[PDB]
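Okay, here we've got a single chain as structure tokens, the form deposited in one PDB entry, with questions on binding and movement later.
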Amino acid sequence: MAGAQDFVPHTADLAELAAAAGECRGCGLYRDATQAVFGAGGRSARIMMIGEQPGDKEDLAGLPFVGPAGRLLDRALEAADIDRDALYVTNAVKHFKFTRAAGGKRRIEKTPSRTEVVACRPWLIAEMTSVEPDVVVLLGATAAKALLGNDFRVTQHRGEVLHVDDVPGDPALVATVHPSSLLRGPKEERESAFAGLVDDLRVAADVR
């Protein structure tokens, strides 16, 4: 039950931070995961985006947003004229949490508890201290609550620029849906979910 804090080194070097996250024992999730999935991008990024946790594909690659949700994220970024390669993209929890299907190898993603999110939050703080983003997009409720408190309501602040204490640099925060949700439902449901995410990404990119 320790939390990640005493496993986080005092450095802004992202490769050093990523290796240290591989050695983190701040919660139980390191055990069955393949590896840490640290954030991806350069310190030169001025927009950071934060999801929930790895999926199966992310866990195998050691990279964020490489599966189907990442594909739809990329499509929405393109619609918002945002270059993904200029971003820093990461997740609130850095080890894949899952159960195995009975009788097989298939891994079923399971959502981190609030305790696991808080345990892993010091890595987000180190990432923000390193990258110094102007704006942070919180992709989904888990990432939003990680910075804005466990009773934060994404539905009550769509399109709003937020700020909160204990976030390095006091960046603009924009809380939106997680891109996995854009995979759901028939044509018009997907198209409305897409539009809503694009609107929020544009708010974030237009912060000046």
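So that there is no doubt, residue numbering starts at 1 and follows the sequence shown.
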Response to the item:
Entry B factor averaged over C-alpha atoms, 22-30 against 63-71: higher for 63-71
Worksheet item: Would 131-139 or 98-106 have the larger average of its C-alpha temperature factors, as given in the entry?
Response: 98-106
Worksheet item: Per the PDB entry, which option out of 145, 158, 163, 178 has the greatest Cα B factor?
Response: 158
Discussion item. By the CA temperature factor listed in this entry, which of these ranks top: 51, 39, 149, 169?
Written reply: 169
Response to the item:
residue 124: CA temperature factor from the record, placed by chain third, in the lowest
Practice prompt. Taking the values exactly as deposited, rank residue 191 by C-alpha B-factor within its chain and report the matching third: lowest, middle or highest.
Written response: middle
Practice prompt. Could you tell me which third, lowest, middle or highest, the C-alpha B-factor of residue 76 occupies within its chain?
Written response: highest
Discussion item. Looking at the temperature factor on the CA atom of residue 12, which third of the chain's modelled residues does it land in?
Written reply: highest
Worksheet item: Lowest, middle or highest third of the chain for the C-alpha temperature factor of residue 203?
Response: middle
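There is another form of the same protein, the form deposited with a small molecule bound; it is not shown, and what comes next is about it.
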Discussion item. Please tell me whether any heavy atom belonging to residue 176 falls inside 4.5 Å of a heavy atom of the small molecule, as the geometry stands in the bound PDB entry.
Written reply: no
Worksheet item: Can you check whether residue 39 is within 4.5 Å of the small molecule in the bound PDB entry, heavy atom basis?
Response: no
Worksheet item: For residue 171, is any heavy atom within 4.5 Å of the small molecule in the bound PDB entry, or not?
Response: no
Practice prompt. Look at the stretches 40-48, 159-167, 63-71, 144-152 and give the one with heavy atoms within 4.5 Å of the small molecule in the bound PDB entry.
Written response: 63-71
